Amino acid sequence: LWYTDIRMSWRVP
Amino acid sequence: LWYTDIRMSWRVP
Amino acid sequence: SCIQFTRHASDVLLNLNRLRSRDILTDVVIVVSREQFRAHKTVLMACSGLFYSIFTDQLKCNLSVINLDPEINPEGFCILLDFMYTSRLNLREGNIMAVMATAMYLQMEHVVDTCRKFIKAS
Amino acid sequence: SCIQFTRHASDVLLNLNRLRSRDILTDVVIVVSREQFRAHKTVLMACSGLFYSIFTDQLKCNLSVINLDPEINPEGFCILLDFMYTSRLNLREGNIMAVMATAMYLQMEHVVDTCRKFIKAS
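Residues numbered from 1 in each chain as written, not as in the entry; some residues may be left out. Chains lettered and ligands numbered in written order. Heavy atoms only, no water.

If you check the header, you'll see the entry was determined by X-ray crystallography and the resolution is listed as 1.85 Å.

The name the PDB entry assigns to chain C is B-cell lymphoma 6 protein, from the organism Homo sapiens.

Below, the structure is given as structure tokens:
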């Protein structure tokens, strides 16, 4: 199990 | 801001 | 083998709150006294045993208005609804008892426990 | 002075997936040619720009069945839906290209970014 902290690119308007 | 890691007591059956 | 995104759940929750704020796909109004609160049923069911029971009850599941006990403190309910959508529980000397009692009613035992630790703090 | 619950978002997400698993308040079936996937519109809209556009479009907002491009790989979509509801992205050499292409189509650039990091380490 590898973890990444990358943020979701999709933001609701 | 204070943080707690307490687990939710409610679980969907 | 697998990759787990540590910010994913918080990002979903942020966007769900943005949907609530824009009033997008909100499917229920919770009523406390004359005060109305707009929300998504699924988020309510995922946070509260009370709301789970209500929206799996065939008499009630399709209703767009749910009336809770009008004796409930609306500020207490408002704090808890903000909490469900944010993870942030804003507790004060003046509101804490109301929040604790509202959390019991909603069957959110862990929030009650956190209020009890808060009281033990001071 | 706020208390923030660091496990709250992931506990909500766990419960949303249990709701999806028990088929409770699922309000949409996503169709990929002839394969079917039951979901909650609000989770999909919280995770993907494509689904946001679909469920805010006045022609489609009231549909109970939504078609995606029927040529998209259904395994790729299935891996991604499970990701939306779990945080866990299960990448193998056999599925990476299908997951990546599907993520582009769902407008999930950060997932595509991750598949590119996976390509860079493999």
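**Student:** Is there a simple way to explain the interface of chain D and chain C in this structure?
**Tutor:** Reports of interface size often rely on the accessible area that becomes lost once the parts have come together. Between chain D and chain C, the residue contacts involve 35 residues of the former and 36 residues of the latter. Between chain D and chain C, the buried area comes to about 3,200 Å², and carbon and sulfur atoms account for 74% of it. Counting the contacts that link chain D with chain C gives zero salt bridges. Breaking the side of chain D that touches chain C down by element, the ones donating at least two residues are β1 (2–5), α1 (8–21), α2 (41–47), α3 (49–55), α4 (74–86), β5 (88–89) and α6 (109–121) of chain D. Top contributing element to the side of chain D that touches chain C by residue count: α1(D), with eight residues. Partitioned by chemical class, the residues of the side of chain D that touches chain C number 21 nonpolar, twelve polar and two charged. (Contact = heavy atoms within 4.5 Å. Buried area = accessible area lost by both parts, 1.4 Å probe. Salt bridge = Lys/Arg side-chain N within 4 Å of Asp/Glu carboxyl O. Helix = DSSP H or I, 4+ residues; strand = E, 2+ residues; numbered from the N terminus. Nonpolar A, V, L, I, M, F, W, Y, C, P; charged D, E, K, R; others polar.)

**Student:** Just checking my understanding: could you explain the pattern of salt bridges for this structure?
**Tutor:** For side chains bearing opposite charge, pairing can occur when the charged atoms are close. Residues and elements named next belong to chain C. By the definition in use, this model includes five salt bridges over all chains. As a salt-bridge pair, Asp-82 and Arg-20 come within 3.1 Å of each other at their nearest N and O atoms. Taken together, the residues span a long stretch of sequence, with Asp-82 in helix α4 (residues 74–86) and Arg-20 in helix α1 (residues 8–22) at a distance of 62 residues. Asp-82 gets classed as partly exposed once you look at its relative accessible area, which sits at 30%. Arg-20 gets classed as buried once you look at its relative accessible area, which sits at 18%. (Buried < 20%, exposed > 50% of the residue type's maximum accessible area, 1.4 Å probe, protein only.)

**Student:** Explain the UniProt feature "domain: BTB" in chain C here, please?
**Tutor:** According to UniProt, the "domain: BTB" feature falls on residues 26–93 of chain C. The span residues 26–93 of chain C carries 40% helix and 24% strand; its end-to-end C-alpha distance comes to 32 Å. (UniProt positions renumbered as here; feature names shortened; annotations may be inferred.)

**Student:** Sorry, what's going on with the sheet that holds β1(D) here?
**Tutor:** The strands that make up a sheet pair up through hydrogen bonds in the backbone, lying either parallel or antiparallel. Strand order in the open sheet made by the three strands is β1(B)-β1(D)-β5(C), with mixed pairing throughout. The open sheet is flanked by β1 (2–4) of chain B together with β5 (88–90) of chain C, the only strands paired with a single partner. Here the strands of the sheet are splayed against their neighbours by 30° on average, with no regard to which way each runs. In this structure, β5(C) lies alongside β1(D), joined through three bridges in antiparallel fashion. Residue pairing for β1(D): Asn90(C) is matched across the bridge by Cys2(D). Helix-sheet contacts for α4(C) involve β5 of chain C together with β1 of chain D, and the interaxial angle to β5(C) is about 160°. (Pairing = 2+ DSSP bridges. Axes fitted to C-alpha atoms, helices over the stretch in contact; angles between N-to-C directions.)

**Student:** Looking at this model, I keep getting lost on the interface of chain B and chain C. Mind explaining?
**Tutor:** Contacts between the two partners involve eight residues from chain B, matched on the other side by twelve residues from chain C. When chain B packs against chain C, the two sides together hide about 770 Å² of surface, and 71% of this comes from carbon and sulfur. Taken as a group, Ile6(B), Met8(B) and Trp10(B) account for 60% of the area that chain B buries against chain C, more than any other trio of residues on that side. Residue composition of the side of chain B that touches chain C, grouped by class: five nonpolar, two polar and one charged.

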